[PDB]
Amino acid sequence: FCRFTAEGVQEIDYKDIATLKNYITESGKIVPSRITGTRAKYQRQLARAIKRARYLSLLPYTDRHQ
Amino acid sequence: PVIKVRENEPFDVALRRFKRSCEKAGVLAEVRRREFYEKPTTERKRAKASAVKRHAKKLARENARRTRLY
Amino acid sequence: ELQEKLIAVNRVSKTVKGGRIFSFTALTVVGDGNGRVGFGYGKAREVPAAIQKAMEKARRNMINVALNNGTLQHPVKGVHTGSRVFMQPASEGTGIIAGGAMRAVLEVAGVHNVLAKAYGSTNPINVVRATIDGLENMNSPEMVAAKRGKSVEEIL
Amino acid sequence: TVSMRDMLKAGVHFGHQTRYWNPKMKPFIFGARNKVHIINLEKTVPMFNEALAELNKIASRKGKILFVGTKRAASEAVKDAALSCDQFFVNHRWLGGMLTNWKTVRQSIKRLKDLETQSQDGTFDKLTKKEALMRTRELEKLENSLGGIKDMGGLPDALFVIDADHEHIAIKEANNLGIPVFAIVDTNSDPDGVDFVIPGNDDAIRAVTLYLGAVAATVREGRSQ
Amino acid sequence: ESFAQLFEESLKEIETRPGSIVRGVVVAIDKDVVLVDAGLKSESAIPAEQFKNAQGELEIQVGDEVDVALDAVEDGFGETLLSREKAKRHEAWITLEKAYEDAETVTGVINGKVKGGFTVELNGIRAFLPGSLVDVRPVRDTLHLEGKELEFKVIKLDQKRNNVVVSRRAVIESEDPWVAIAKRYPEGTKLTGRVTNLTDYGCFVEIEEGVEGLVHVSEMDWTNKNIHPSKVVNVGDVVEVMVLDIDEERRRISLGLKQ
Amino acid sequence: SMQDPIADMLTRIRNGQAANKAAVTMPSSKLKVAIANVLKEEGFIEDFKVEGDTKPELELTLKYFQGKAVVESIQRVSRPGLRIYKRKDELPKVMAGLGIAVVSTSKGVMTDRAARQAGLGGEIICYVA
Amino acid sequence: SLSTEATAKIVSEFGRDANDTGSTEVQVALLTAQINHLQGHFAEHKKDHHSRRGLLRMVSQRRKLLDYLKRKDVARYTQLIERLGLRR
RNA sequence: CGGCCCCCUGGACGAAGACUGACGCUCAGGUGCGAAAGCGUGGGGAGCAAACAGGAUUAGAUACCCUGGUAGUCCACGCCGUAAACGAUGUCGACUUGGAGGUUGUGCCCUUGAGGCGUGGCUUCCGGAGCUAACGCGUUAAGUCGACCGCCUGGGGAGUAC
């Protein structure tokens, strides 16, 4: 039950923070493709986006850090 | 697993919640894993072995199920 | 009318808590001196019983073999497990030139004239089986004609 | 004799799901509707007719027919079919080596008969209560197993089967001895052991009944002849 | 000939996949198993509990016709998913009928809110609606004679996840689950959910528009460990459950049943 | 790479026989066609049919008598690795005359017996039984 | 890889029809250009072994092509090797 | 071969077309790449840790366990050329029943929805015929064949001596 297949997105955006936030943990970790049911191709992209965000301090690497 | 006790929340409940959060995180498990160095080979082996086991559980057992026990 | 030859008898063991339980295997083969052959492999605590069992086995599940006179119709290979066997038709008078278990099967089958070598393993049980297979597969001229949609004179 | 329309109504044309099929049943399959295999009734019917004819012929020479169906849905029905044409049957679990090992099973049959006699004709009664109970239980067991085949005497001259994959042991036994086999063979089943294959739905009850009934009729006809 | 080919496309034309065409004739009844034949490869093992109406006893003898459902084929041997869901489509059609004249009228009787909306029951089935829907104003049916007779006037429906809150009394008055997972959230919002499969540690009740709930084994009852959930509740049944916990991240809404 | 077309054809035929295939198709060649014709004459296949202009496909129609296959055995003898040429006296007898040996001679491809009759030997293509 | 425009240019020059592209000579030219390009890269990056494998393969292919040309038609080959400046 | 970014760069696959026109397959010698450890010169050195030291354990304990700990692991440029370098399965091509997946394209179809019907590439498991000493392999063959190469000929002595 993938979101990105239905939406039909060409590429996942690191700037689209809200969207990312659904796929990240309360502890900051990226959520598995088993749980979200994201398609494999998209999942990787999502992960990459998240990573990018983390570099730009848009998303946090973890809950504890400060 | 950062948590804040809600207004008029019991202590025990809060504790339980915290525990749940911890479990979700898999923090303890992670710690256990990083206690000692696992050779790459060993890591590989476990992963594949585990996978195999899972597969066995899924299919062979299902086949067994079709036939009644008594 | 049926002739029956006990090829081999072998003592086989099973280890148990006490010690070794021994038993006997009898390999026999029976035939009517024409196409019909059948081997039987019987097992029992005593020899004679085992032999009897083998004979009984043989007598059922026989098999027919197309024989051009006293000999085979063409050179035929037969394999089973280790034992791979070649047998070749031969002129009247030559006799059964074949070794061991193989000979016995031939004799009962009512082949009188063969040139037959057992390559590979010569484990009696396997070799007899191989021989049987060879015999079985061997097609006659008439049969071949039938298969091919021709007369016997067309094939020669 | 049996029409195509009737068969269709029954649900003969339906088969098993596509993942459970046997590729040796690819000739008898027509297509796949809703991911479920459809048996070709154009190829089935003539075969069925032929089988029926064969059965009739067998009957005519005083042949013994054995009706096998241990599905438990069509156990009631097969027995009924058997009884209509006063033939023999195995509606509960086929005893491994019923036919191949007849001589042992002949003893069992005899025992059963004896038990029955004791129950009915003797009228002695006066038996220790536990012992009596045990005896009764034994009788029940025997009846369930060998009730249809108690009057068979020897081996049957033909073997009608409701499912080939389910009764493979029986089929195998029939092949070893050389008894003609008349199997109803769904898409999942193997037709190679069967002599007179009948491509049709083993599972559906109405279809099974239909299959039985025609066969019974043919047997009766043969007997009459 | 092509008689059969044409007959095949004919029979394709005169059936469909869902429980739509009321076709299976009940051809054997035995407690506790009904069985039909809707022109499928095999007969359904129907429960008796998809067919007794509103007080416990059976309603349909031999020959009677209800459609069932489909799109799932062969678990080993057999054919269907149950006809009772069939019924849900009919209910949906009646609810939809409202749209035409902007007013669906039956009877709705709603005594109380498990999760903030009185429960309304139509015919055999009972549904849960959000808190406003029960009353047109602030009237509140707590002062009304218990389990009172009105109809239902619809207040709110969730359109994906099936929750419908309907309007008792006042006759005169006339990606997708997981972003905004804050609706049934706040601590204990009770829900009505059908269980799906009980995995010997769990029960898997999950209804609210493409989510997954567990109610695992610890609550379920008021005994902890010796319980074995298959004994204690059901298979395929709409029950009392509420959230107790949502993680919108590792989609594990952990519902409960001891409440 | 494809090195021996005749051999390949033979293999295909064998596989068809094994697997109870009605007809066996392959890319056509003149030699192959000739072989097919020979087989037909000798009665191991039902019929052969070449079809196409640019890249034609030879289609043999295999034969089955009483369930089992007709072509009991079919081996190449000459092969690109190691060629076999026989003189008319040295020509073989497959299955003691019951089978045939396809032999390519100066006067076209023919069965061994035919070759013998003619009074000429050549390249031994395949044994068929 | 070789840029599209460059490739096109190469094709036009060596190819008779300019739509042809698959002409042996054209192919050789294409290979050669690529090789030349990669020389610069490999001067810089001596440990890039994986990449160098591809280059080697390309070279081999080119050689093969040349050989083919030689047996078929000598004059053409000679011309080609004058144009490209291939020692052999 | 695993954070993220950029620069240079090799291969794979699909979609249609268009072109070249057997240019192919395999390969003794030859050439290159080739884990870890190891070597050389120059850097670096957190953690880990051969060696080493102490503390235990023990009959002993030149080990396992504990506390420390140096080469090394890291980088640059050279050398080494071996591993259960394994799928213990040479490379290339053709042919022979099926099922359940994964991954990555792509054509059509009302995408009426996460779908429906195909068609390509790579890939995991199960299993048929056949094969196999059996175990098992089974369209990714260990089946049926062809082309080329490599290699084996009882165990030890020995992959050692010269």
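1. Quick notes on the overall build of chain F
A count of helices and strands for chain F gives three helices and eight strands. The helix and strand sequence of chain F, counted from the amino end, reads α-β-α-β-β-β-β-β-β-α-β. Taking 2.2 N^0.38 as the reference for a compact globule, 129 residues should give roughly 14 Å; the C-alpha atoms of chain F span a radius of gyration of 14 Å, in line with that estimate. Taken over the C-alpha atoms alone, chain F extends approximately 40 × 40 × 25 Å along its principal axes. For chain F, buried positions account for 43% of its 129 residues. Looking at chain F alone, contacts between residues at least 24 apart form 62% of all its contacts between residues at least 6 apart. Surface exposure of chain F reaches about 6900 Å², of which carbon and sulfur atoms provide 48%. In chain F, which carries 20 positive and 15 negative side-chain charges, the distance between the mean positions of the two groups comes to 5 Å.

2. Structural notes on the protein's contact with RNA strand H
Taken together, 51 residues are adjacent to RNA strand H, and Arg52(A), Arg14(F), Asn15(F), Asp20(G) and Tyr68(G) come closest. Counted by atom, the contact set of RNA strand H within 4 Å of the protein is 91% sugar and phosphate. Between RNA strand H and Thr11(F) there is a distance of 2.8 Å, counted from a sugar or linking oxygen to a side-chain nitrogen or oxygen. Broken down by element, the residue count for the surface near RNA strand H peaks at eleven residues, all from helix α3 (residues 49-72) of chain G.

3. Let's talk about the nonpolar core
Residue and element names in this part refer to chain D. Within the largest apolar cluster, 34 residues are counted, with the highest numbers of intra-cluster contacts made by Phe-48, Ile-65, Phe-67, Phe-160 and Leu-212. Elements with a minimum of two residues in this core: α1 (4-10), α2 (41-60), β4 (65-68), α3 (75-84), β6 (158-161), β7 (181-185) and α7 (205-224). Among all residues touching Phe-67, those that are not within four sequence positions of it are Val-78, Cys-85, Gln-87, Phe-88, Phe-89, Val-90, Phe-160, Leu-212 and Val-215.

4. Let's talk about unusual backbone geometry
In this chain, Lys31(E) is followed by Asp32(E) through a cis amide linkage whose omega measures 15°. You can see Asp32(E) is positioned in the loop between β2 (28-30) and β3 (33-35). Even without a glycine there, the phi angle at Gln66(F) is positive, about 55°. Mapped onto the secondary structure, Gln66(F) falls in the loop between β3 (57-62) and β4 (74-76). Overall, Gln66(F) belongs to the exposed group, its relative accessible area being 72%.

5. Description of the domain arrangement of chain F
Residue and element names in this part refer to chain F. By domain assignment, chain F separates into domain 1 (5-69) and domain 2 (74-128). Domain 1 and domain 2 are separated by 19 Å when their C-alpha centres are compared. If you look at the interface, domain 1 gives eleven residues, while domain 2 gives twelve residues. Together, the buried faces of domain 1 and domain 2 total about 1000 Å²; carbon and sulfur atoms form 83% of this surface. Our count for the domain 1 to domain 2 interface comes out at zero salt bridges. Of all elements in the fold, only α1 (5-19) and α2 (30-42) reach the threshold of two or more residues within the side of domain 1 that touches domain 2. In terms of residue class, the side of domain 1 that touches domain 2 is made up of nine nonpolar, no polar and two charged.

6. What to know about the sheet that holds strand β3 (residues 37-44) of chain C
Strands belonging to one sheet form pairs held by backbone hydrogen bonds; the direction of such a pair is parallel or antiparallel. Residue and element names in this part refer to chain C. Reading across from one edge, β1-β2-β3 is the order of the three strands in this open sheet, with antiparallel pairing throughout. This sheet does not close on itself; its edge strands, each paired only once, are β1 (3-15) and β3. Put simply, the sheet's adjacent strands are angled 15° from each other on average, direction ignored. Judged from the twelve bridges that link them, β1 and strand β2 (residues 20-31) form a sheet pairing that is antiparallel. Residue pairing in the sheet places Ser-13 in a bridge with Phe-22 of β2. Strand contacts of helix α1 (residues 47-59): β1, β2 and β3, with the helix running at about 150° to β3, the strand carrying the most contacts. Strand contacts of helix α2 (residues 101-109): β1, β2 and β3, with the helix running at about 145° to β1, the strand carrying the most contacts.

7. Re the environment of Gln43(A)
Residue and element names in this part refer to chain A. You can see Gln-43 is positioned in helix α4 (residues 40-55). Residue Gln-43 is classed as buried on the basis of its relative accessible area, which comes to 13%. Setting aside its immediate chain neighbours within four residues, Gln-43 contacts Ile-30, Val-31, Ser-33, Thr-36 and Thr-38.

8. As for the pairing of strand β7 (residues 108-111) of chain F
Note that strand β6 (residues 100-105) of chain F and β7(F) share four bridges and pair antiparallel. Note on β7(F): the bridge partner recorded for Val102(F) is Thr111(F).

9. Here's the deal with α3(G)
Residues and elements named next belong to chain G. Counted at 1.5 Å a residue, the expected span for α3 with its 24 residues is 34 Å, and the 35 Å between its end C-alpha atoms agrees. Among all positions in α3, only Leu-55, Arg-62, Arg-63, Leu-65, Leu-66 and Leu-69 are buried. Buried-residue contacts for α3 involve α2 (24-44) and α4 (74-84).

10. Things to note about a nonpolar patch on the surface
A contiguous nonpolar patch, built from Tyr55(A), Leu56(A), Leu58(A) and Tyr61(A) and spanning about 450 Å² of accessible area, is present on the exposed surface. Here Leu56(A) lies in the segment after α4.

11. Brief notes about a positive patch on the surface
Taken together, the side chains of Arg34(A), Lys53(B), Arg54(B), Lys57(B), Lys58(B), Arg61(B), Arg65(B) and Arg252(E) present a region of like positive charge at the surface. Ranked by the residues each element gives to the positive patch, the list is headed by helix α3 (residues 40-66) of chain B, at six residues. The topology assignment puts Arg65(B) in helix α3. Classification of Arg65(B) as exposed rests on a relative accessible area of 60%.

12. Regarding the sheet that holds β6(D)
Residue and element names in this part refer to chain D. With parallel pairing, the five strands of this open sheet are ordered in space as β5-β4-β6-β7-β8. Looking at the sheet topology across the chains shown, the edges are occupied by β5 (88-90) and β8 (198-199). Where β7 lies against β8, two bridges are found, and the strand directions are parallel. Following the sheet pairing, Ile-184 is matched in β8 by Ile-198. Contacts from α2 reach β4, β6, β7 and β8 within the one sheet, and its direction differs from that of β7 by about 150°.

13. Thoughts on a negative patch on the surface
Residue and element names in this part refer to chain F. Together, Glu-46, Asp-47, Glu-51, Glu-57 and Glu-59 make up a negatively charged patch on the protein surface. Residue assignment for the negative patch shows that the elements contributing at least two residues are β2 (45-51) and β3. The dominant element in the negative patch, judged by the number of residues it contributes, is β2, at three residues. When you line up the elements, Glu-51 lands in strand β2. For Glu-51, a relative accessible area of 56% corresponds to the exposed category.

14. Let's talk about the arrangement of the chains
Across the six pairs of chains that are in contact, the largest number of contacts falls between chains D and E. A minimum C-alpha distance of 37 Å separates chain A and chain F, which share no contact. The smallest C-alpha distance separating chain F from chain G is 18 Å, and no contact links them.

15. Some remarks on the pattern of salt bridges
Evaluated as defined, the whole model comprises 39 salt bridges over all chains. In this structure, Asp71(E) and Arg17(E) form a salt bridge, with 3.4 Å as the shortest nitrogen-oxygen distance. Note that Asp71(E) is positioned in the loop between β5 (65-66) and α2 (83-101) and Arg17(E) in the loop between α1 (2-13) and β1 (24-25), a separation of 54 residues in sequence. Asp71(E) sits in the partly exposed class, given a relative accessible area of 47%. With a shortest N-O distance of 3.1 Å, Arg87(F) and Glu90(F) are connected by a salt bridge. Given the relative accessible area of 43%, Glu90(F) is considered partly exposed.

The rules behind the values
- Residues numbered from 1 in each chain as written, not as in the entry; some residues may be left out.
- Chains lettered and ligands numbered in written order.
- Part of a larger assembly, values for the part shown.
- Heavy atoms only, no water.
- Residues with missing side-chain atoms left out of burial classes, pairs and counts.
- Helix = DSSP H or I, 4+ residues; strand = E, 2+ residues; numbered from the N terminus.
- Rg over C-alpha atoms; globule rule 2.2 N^0.38 Å.
- Buried < 20%, exposed > 50% of the residue type's maximum accessible area, 1.4 Å probe, protein only.
- Contact = heavy atoms within 4.5 Å.
- Areas by Shrake-Rupley, 256 points an atom, 1.4 Å probe, with all protein chains shown as cover.
- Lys, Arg positive; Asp, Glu negative; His and termini not counted.
- Charge placed at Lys NZ, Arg CZ, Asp CG, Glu CD.
- Near = heavy atom within 4 Å.
- Polar contact = N/O pair within 3.5 Å; in protein donor to acceptor, adjacent residues only side chain to side chain.
- Core = buried A, V, L, I, M, F, W, Y, C linked by side-chain atoms within 4.5 Å.
- Domains from an automatic or database assignment.
- Buried area = accessible area lost by both parts, 1.4 Å probe.
- Salt bridge = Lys/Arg side-chain N within 4 Å of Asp/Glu carboxyl O.
- Nonpolar A, V, L, I, M, F, W, Y, C, P; charged D, E, K, R; others polar.
- Pairing = 2+ DSSP bridges.
- Axes fitted to C-alpha atoms, helices over the stretch in contact; angles between N-to-C directions.
- Expected span 1.5 Å × (residues − 1).
- Patch = residues over 30% accessible without salt bridge, like charges linked within 9 Å, V, L, I, M, F, W, Y side chains within 5 Å.

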